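Below sits a lone chain in structure tokens, taken as the form deposited in one PDB entry.
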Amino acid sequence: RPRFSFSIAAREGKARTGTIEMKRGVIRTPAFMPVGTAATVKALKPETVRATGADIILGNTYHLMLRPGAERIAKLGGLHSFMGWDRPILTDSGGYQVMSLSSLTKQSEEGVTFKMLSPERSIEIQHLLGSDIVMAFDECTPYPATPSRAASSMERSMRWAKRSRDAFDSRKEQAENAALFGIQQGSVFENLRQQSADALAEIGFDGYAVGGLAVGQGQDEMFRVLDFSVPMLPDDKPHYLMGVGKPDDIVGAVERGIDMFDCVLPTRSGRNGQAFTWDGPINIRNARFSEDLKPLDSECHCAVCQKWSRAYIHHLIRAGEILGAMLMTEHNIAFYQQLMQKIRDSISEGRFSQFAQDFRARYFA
């Protein structure tokens, strides 16, 4: 396999389906990436993550650079070996979590200090972890933002995008074996989104993320911004919507040209008792499930739905049992993978628009 090759096999409107080939494996697009926080997809063995159909996972960097530490993981052979996932890993840059989880932060043009993460140090950390897809280090503008502050943040992010590009390219093994994605910023403003896309395309990246749209915008607003923002990006490279989302967010984003997704909702809300079904989410703790012998979802192909009832998982979650977290999480990630497969197949068959409408009518009934 090549270091990086994105191929589009079929299209329908703005939607695409295809593949990203990388040294550690092939990624089917549109793709959902389960999130690995602290070198684990919570409550799942990596073999279970793969069994659900995931081709790639996201590793948060922030926690890892704090524990066990990046240099430590490098000494131990890298994140793939450490956690036992041998397929591609996309690593976030650490910037968002450094802002939201850290103390006494101090921002500057050089980077952020917290209780010094700069673009160079972020790219270095991603290297030490052995990331396959490295994200440029940026500033994730809050929502709402005034146009002046949005512009300022976006401009800084574009300077840091060039810094990230140069840092990555100056490390031979990283440039030869990994890929680098740039992140579009600009809040909800079309002119800033365009400036950002133009800056990123002049630098050149292997893929383009749409940053800053999962920090409080409602779906209508997010979709409106995607309508004008995704077409600004190079057509022939993957389009990654960071931090999105609910099943219906994903369908609509693919309708608007997105190829890749990550979010904590299937894992986090699985542990809290929310199960995704084709008829919408259910909260398994509700008393109406205490004697329900049906599987979480009536059509789901996952191992959990093959073997255990709603009633049993209801009991586990109410009891605080680890196995409850395990089963809810497996099911929910499997549901997300089955959604992505249905999306891929319907685009390939020229019937995605009909799928999206059918999906919506039943998911919201």
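Don't overthink the numbering: it's just position in the shown sequence, from 1.
The same protein also exists as the form solved in complex with a small molecule; that form is not shown, yet it is the one meant from here on.
Contact check for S93: a heavy atom falls within 4.5 Å of the small molecule in the bound PDB entry.
Mapping the unseen interface onto this chain, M242 counts among the residues with a heavy atom inside 4.5 Å of the small molecule in the bound PDB entry.
Within this chain, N60 lines the site of the small molecule in the bound PDB entry, having a heavy atom no more than 4.5 Å away.
Not displayed here, the small molecule is kept clear of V188 by more than 4.5 Å at the level of heavy atoms in the bound PDB entry. Only one listed stretch (96-104, 289-297, 230-238, 250-258) carries heavy atoms within 4.5 Å of the small molecule in the bound PDB entry, and that stretch is 96-104. For the three residues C140, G211 and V215, a heavy atom within 4.5 Å of the small molecule turns up in the bound PDB entry in every case.
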